[PDB]
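# A closer look at the structure
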Amino acid sequence: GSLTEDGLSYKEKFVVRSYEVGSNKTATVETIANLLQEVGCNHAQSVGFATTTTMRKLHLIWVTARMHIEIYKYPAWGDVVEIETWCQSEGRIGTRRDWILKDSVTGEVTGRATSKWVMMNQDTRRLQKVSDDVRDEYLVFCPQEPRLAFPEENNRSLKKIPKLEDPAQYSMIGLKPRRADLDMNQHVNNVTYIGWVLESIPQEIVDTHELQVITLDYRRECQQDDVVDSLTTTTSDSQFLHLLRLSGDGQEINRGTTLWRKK
Amino acid sequence: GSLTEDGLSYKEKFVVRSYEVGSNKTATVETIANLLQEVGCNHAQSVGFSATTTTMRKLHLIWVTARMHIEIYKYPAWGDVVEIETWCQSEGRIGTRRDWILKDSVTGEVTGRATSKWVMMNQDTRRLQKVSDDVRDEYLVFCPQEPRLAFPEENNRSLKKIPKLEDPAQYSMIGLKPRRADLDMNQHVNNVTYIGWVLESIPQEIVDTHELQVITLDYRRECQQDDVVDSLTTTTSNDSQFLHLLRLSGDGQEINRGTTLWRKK
Ligand SMILES: O=C(O)COc1ccc(F)cc1
Ligand SMILES: O=C(O)COc1ccc(F)cc1
């Protein structure tokens, strides 16, 4: 793709592939999650990167604290979907990355996503409050005035997610990441947690409904040799409360909510 | 992409994506396997298919992969453009064969090649049958009439007999289950998943010091969504060779068998 005229956002067109679609002949939420990740890497690369030299000398990385995705229409196999992405500062809390999905032919907004990222030491794993020198190097690539994919007053991207109480209504136990679930740094990518969360949704709901919204809170990183339990309870359109936790000790790694519409 | 000038093969260029590369910053064998599958689907679509013919749909017949063989010389890096050319051929009444050539779009050098053998089967009864004369004429108008082989060699490793891994296996990955992302548009476990499952029993040490040069996979039975697989490996060998076996966790029913060849980095 390419940066837009002002250089304050990035655009890319993707053609949906045969292996990227589900039983309805449209792209899966995991293909969409992969495309958002891909368009965000190319934006970081096109502006010289998403770690800066200040963060490299300090062993600092950006970790996803929260992801929220709303899809109105899923692209079909062979369709061209255009994605626009941009970053923003959230004071000393961290950074935010937003996405808008469109039909390349009609120009209609077919989806949108927002994610909150926090600073962390690659080694000690502790969340740092973002300094001042780090703002003076990534604000020259962010829009100065606020630009939100979910601007709405009191929207569902900033909702407090409760913890799923036992017993869960539904569950998928013994989930292990394989080598294909790890990225170039050998860490389990954030798209795998989405797939793991959806594994505990009954095949009946999947066959009769379409996923409209998903909000995912990341608490702990899952390692390659870890085993995950996926838990779901209907809270309702169909709404679900979700929880990913380690098979052994029951250590919480993720919590979220999904919203499904009838087909 | 597009069909070549003669309409007897299809070409497509792919840019390698960030989530498609491994720890070495180059495409995984599963990304390559996905790209071959994708370029084969667009070739079938470009010549009027949906890869079943009108006689095949009339009789509930499908093409199933009996064998896959892939040899990679150089793996494309993240951001590289890899061009893939594919074509089909009739193998008498046995079935069909699909071949692939992988190239660097910039230098034009062959960086890999693959071959697969497909057999005819009833979708419902799962009974493999010989290709009839009517089906053969419907797909011979889209195939090169003279032989065109990605592995023409008189002693190639794509027609090798694979033995069955004897117990105890040297290495193993137990309790592998396919998720919804492992199933295709027809709800069947995608062929690429078996490749990932076969490689799960290779020690992380071999993966970190070697690169996969060759893989040959024999498909015996289809794995269902609610099935559980056991992946088994034994070293048979600068080059490291392995014998592989996928089997059902329960009864020990064979679903796959294969061999891999790895070279030092
Ligand atoms: O690796 C760990 O243990 C910490 O993971 C986190 C992930 C996301 C967070 F917002 C905070 C922490
Ligand atoms: O579903 C079954 O039991 C049969 O699966 C096969 C798969 C690949 C083959 F080459 C032959 C058979």
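Residues numbered from 1 in each chain as written, not as in the entry; some residues may be left out. Chains lettered and ligands numbered in written order. Heavy atoms only, no water.

Method-wise, the PDB entry is recorded as coming from X-ray crystallography, at a reported resolution of 2.306 Å.

What chain B contains, in helices and strands, is five helices and 12 strands. In terms of overall size, chain B behaves like a compact globule, its C-alpha atoms giving a radius of gyration of 18 Å where 265 residues would be expected to give roughly 18 Å. Each principal axis of the C-alpha atoms in chain B carries an extent, and together these give about 50 × 50 × 40 Å. Residues counted as buried form 51% of the 265 residues belonging to chain B. Element-wise, carbon and sulfur atoms account for 48% of the exposed surface of chain B, whose accessible area totals about 12800 Å². Distance from the positive charge centre (33 side chains) to the negative charge centre (38 side chains) of chain B: 2 Å. (Helix = DSSP H or I, 4+ residues; strand = E, 2+ residues; numbered from the N terminus. Rg over C-alpha atoms; globule rule 2.2 N^0.38 Å. Buried < 20%, exposed > 50% of the residue type's maximum accessible area, 1.4 Å probe, protein only. Areas by Shrake-Rupley, 256 points an atom, 1.4 Å probe, with all protein chains shown as cover. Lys, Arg positive; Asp, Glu negative; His and termini not counted. Charge placed at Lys NZ, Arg CZ, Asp CG, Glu CD.)

Let us now look at the pairing of strand β9 (residues 210-219) of chain B. All names here are of chain B. For β9, a buried count of nine out of 10 residues is recorded, marking the element as mostly surrounded by other parts of the structure. Looking at chain direction, strand β3 (residues 61-72) and β9 are connected through five bridges and run antiparallel. Residue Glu71 lies in a different strand from β9, and its bridge partner there is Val214. Where β9 lies against strand β12 (residues 254-264), nine bridges are found, and the strand directions are antiparallel. By the bridge assignment for β12, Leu217 is matched with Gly258. (Pairing = 2+ DSSP bridges.)

Residues and elements named next belong to chain B. When the UniProt feature table is mapped onto this chain, "active site" is found at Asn186, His188 and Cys223. Taken together, the annotated residues stretch across 38 residues yet fold into one region, lying no more than 13.5 Å apart by C-alpha. Here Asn186 shows up in the loop between β8 (171-176) and α4 (191-199). Within the secondary structure, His188 sits in the loop between β8 and α4. (UniProt positions renumbered as here; feature names shortened; annotations may be inferred.)

A few words now on the site of ligand 2. Residue and element names in this part refer to chain B. For ligand 2, the full set of nearby residues is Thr65, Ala66, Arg126, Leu128, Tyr219, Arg220, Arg221 and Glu222. Here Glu222 contributes a backbone N or O atom positioned 3.3 Å from an oxygen atom of ligand 2. When ligand 2 sits alone it has 320 Å² of accessible area, and the protein chains cover 82% of it. Counted by class, the shell around ligand 2 contains three nonpolar, one polar and four charged residues. Looking at the shell around ligand 2, you find at least three residues from each of domain 1 (2-158) and domain 2 (171-264). (Near = heavy atom within 4 Å. Polar contact = N/O pair within 3.5 Å; in protein donor to acceptor, adjacent residues only side chain to side chain. Nonpolar A, V, L, I, M, F, W, Y, C, P; charged D, E, K, R; others polar. Domains from an automatic or database assignment.)

Turning to the pairing of strand β9 (residues 228-234) of chain A, a few remarks are in order. All names here are of chain A. Burial within β9 is extensive, with five of its seven residues counted as buried. Bridge analysis of strand β7 (residues 170-175) against β9 gives four bridges, and the strand direction is antiparallel. Bridge pairing in β9 links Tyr170 to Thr232. Pairing between β9 and strand β10 (residues 238-246): seven bridges, direction antiparallel.

Residue and element names in this part refer to chain A. Taken domain by domain, chain A consists of domain 1 (2-157) and domain 2 (170-262). Placing the centre of domain 1 and that of domain 2 at their C-alpha centroids yields a distance of 20 Å. Facing 18 residues of domain 1, the contacting portion of domain 2 comprises 19 residues. Here domain 1 and domain 2 share one salt bridge between them. When the shortest N-O distance is used, the salt bridge between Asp217 and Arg66 registers 3.5 Å. At the surface where domain 1 touches domain 2, the tally comes to eight residue pairs in polar contact. Put simply, the parts of the chain that give the side of domain 1 that touches domain 2 at least two residues each are α1 (29-46) and β3 (60-71). It is β3 that provides the largest number of residues to the side of domain 1 that touches domain 2, a total of eight residues. Looking at the side of domain 1 that touches domain 2 residue by residue, the classes come out as eight nonpolar, five polar and five charged. (Contact = heavy atoms within 4.5 Å. Salt bridge = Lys/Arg side-chain N within 4 Å of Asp/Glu carboxyl O.)

To continue, consider the UniProt feature "active site" in chain A. Residues and elements named next belong to chain A. With numbering matched to this structure, UniProt assigns "active site" to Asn185, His187 and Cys222. Structurally, the position occupied by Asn185 is in the loop between β7 and α4 (190-198). Tracing the chain through its elements places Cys222 in the loop between β8 (209-218) and β9. Owing to a relative accessible area of 2%, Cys222 belongs among the buried residues under this scheme.

Let us look at the site of ligand 1. All names here are of chain A. In the vicinity of ligand 1, the contacting residues are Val63, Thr64, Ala65, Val118, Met120, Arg125, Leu127, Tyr218, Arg219, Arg220 and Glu221. With the chains in place, 85% of the 320 Å² that ligand 1 exposes on its own is no longer accessible. Only β3 and β6 (109-121) provide two or more residues apiece to the shell around ligand 1. Of all the elements, β3 adds the most residues to the shell around ligand 1, at three residues. Of the residues contributing to the shell around ligand 1, the split by class is six nonpolar, one polar and four charged. Each of domain 1 (2-157) and domain 2 (170-262) contributes no fewer than three residues to the shell around ligand 1.

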